[PDB]
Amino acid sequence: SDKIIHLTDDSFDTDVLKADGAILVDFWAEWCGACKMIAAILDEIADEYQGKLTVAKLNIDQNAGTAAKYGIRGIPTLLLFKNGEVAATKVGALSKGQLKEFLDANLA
């Protein structure tokens, strides 16, 4: 958790939309079982990709406005932003290897 940005409706603009570079945002909630493994994988990704990718979390129960703005329909959902714009999304659980594939697919 030490390398994960904690986002809210009130910090999303500054921390994501105005952030230079790539940010991977995990839309989650406590009641989401699949979200638990995603979190464990994301800690490793955040560590391994330091300097190249920032990882962040947005709790959809607590920040329904942001969830609505991005059309979140189910969780987990990962949104990859580059320079403040959505570059890719992945809905539903995936393995660490699949996530690394998903990220590689988005390299310019």
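Heads up: residue numbers just count along the shown sequence, starting at 1.
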query = Comparing 73-81 with 32-40, which stretch shows the greater average C-alpha B-factor in the deposited entry?
reply = 32-40
request  = Going by the recorded CA B-factors, say which third of the chain residue 50 sits in, lowest, middle or highest.
outcome  = highest
inquiry  = For the chain shown, is the CA B-factor of residue 64 in the lowest, middle or highest third of its modelled residues?
reply    = highest
query = According to the PDB entry, is the CA B factor of residue 13 in the bottom, middle or top third of its chain, that is, lowest, middle or highest?
reply = middle
query = Going by the entry, which third of its chain does the Cα temperature factor of residue 86 land in?
reply = middle
request  = Going by the recorded CA B-factors, say which third of the chain residue 25 sits in, lowest, middle or highest.
outcome  = lowest
